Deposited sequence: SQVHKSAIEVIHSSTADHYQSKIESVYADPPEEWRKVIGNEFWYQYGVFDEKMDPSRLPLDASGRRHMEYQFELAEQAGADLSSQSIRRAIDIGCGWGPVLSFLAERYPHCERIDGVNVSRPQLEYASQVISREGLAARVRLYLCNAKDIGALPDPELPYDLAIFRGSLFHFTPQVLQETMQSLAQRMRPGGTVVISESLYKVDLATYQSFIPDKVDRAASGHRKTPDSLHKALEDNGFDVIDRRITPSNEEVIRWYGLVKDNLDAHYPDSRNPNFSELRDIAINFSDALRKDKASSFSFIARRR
């Protein structure tokens, strides 16, 4: 199906590296991360659907839980407040379908991604679910969201679901500044990211480690209030999530043919140990535009 292209004024030297980690067919990825392709951890509580694959169910439940945190923290998330939404680093597109279902009167849902294979998959799912009129896909670096069409229609809602970690500090700055200009006051930003809880001096395009404080500063420097900040999911749940991903890799990619899946196994093992030692956590950040 159709994807719109958006100019890159500045040069993200890191972009082609990020693209290569997501370049493999969705048909392969399905066997590793589940049939809905959620790719930023899971919440494994009593509201999780027991009939879907744990990765699909825990992934959806994680997104739902973040909206509950945003709501409790006083985010403007009523059905009448969300007319335009953006999914920044949208992966295979599960959040686009989630947003379309949760906000059936949301006029415009923009997904931005640098991975063509991921967007071509998302395009097929959006097309087959009949959401093509509302959901728009952009082959577009997060730093270039300033050039997305119809600037007169402001963003009410922005999602950074495990995409932020791939950004250079410069791309993070350019993305947050551009989002600030395109988002109306009281617009909600929903962030999930793996952040380090130690000084980074001591240290899958997994470079550009960040901290809660580094992310907090990037938000407040670019006209966003942080209204909720906490560990989510728990280190225990994230280790469990990596466990399920590793079990799928052991089953389907035992002899580590594919370098991207070998790299993911390494991160699953190595980052799970960092989570065990409490050197890092998954964090939910809810912010709003000033």
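Novice: Lining up the deposited sequence with the coordinates, I want the ranges that have no C-alpha atoms.
Specialist: Unobserved in coordinates, per deposited numbering: 1-5, 209-218.
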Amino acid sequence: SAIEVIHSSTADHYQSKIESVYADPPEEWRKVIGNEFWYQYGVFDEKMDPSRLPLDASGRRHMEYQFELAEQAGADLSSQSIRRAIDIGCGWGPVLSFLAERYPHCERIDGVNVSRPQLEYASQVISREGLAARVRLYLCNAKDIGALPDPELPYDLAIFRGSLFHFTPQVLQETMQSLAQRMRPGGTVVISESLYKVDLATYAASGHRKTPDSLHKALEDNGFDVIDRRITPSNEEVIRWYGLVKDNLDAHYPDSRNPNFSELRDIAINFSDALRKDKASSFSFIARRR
From here on, numbers count along this sequence of modelled residues.
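Novice: Tell me which stretch has the larger mean Cα B-factor in this entry, 19-27 or 5-13.
Specialist: On average, C-alpha B-factors are higher across 5-13.
Novice: Regarding 258-266 and 233-241, which shows the higher C-alpha temperature factor on average in the entry?
Specialist: 258-266 has the higher mean C-alpha B-factor.
Novice: Highest recorded C-alpha temperature factor, please, choosing from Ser97, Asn141, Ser78, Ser194.
Specialist: Checking the PDB record, the top C-alpha B-factor among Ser97, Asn141, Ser78, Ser194 is at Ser78.
Novice: So if I compare the CA B-factors in the entry for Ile109, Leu172, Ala201, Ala158, which one is the largest?
Specialist: Top of the list by C-alpha B-factor: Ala201.
Novice: Where does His62 sit by CA temperature factor within its chain: lowest, middle or highest third?
Specialist: Ranked within chain, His62 CA B lands in the lowest tercile.
Novice: So where's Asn113 on the chain's Cα temperature factor ranking, which third?
Specialist: Bottom third by C-alpha B-factor.
Novice: Within this chain, which third does the Cα B-factor at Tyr41 fall in: lowest, middle or highest?
Specialist: Lowest third of the chain for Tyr41's C-alpha B-factor.
Novice: Please say which third, lowest, middle or highest, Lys210 falls into when its CA temperature factor is compared across its chain.
Specialist: Tercile = lowest for this residue's CA B-factor.
Novice: Lowest, middle or highest third of the chain for the C-alpha temperature factor of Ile82?
Specialist: Within its chain, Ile82 is a middle-third residue by C-alpha B-factor, going by the deposited values.
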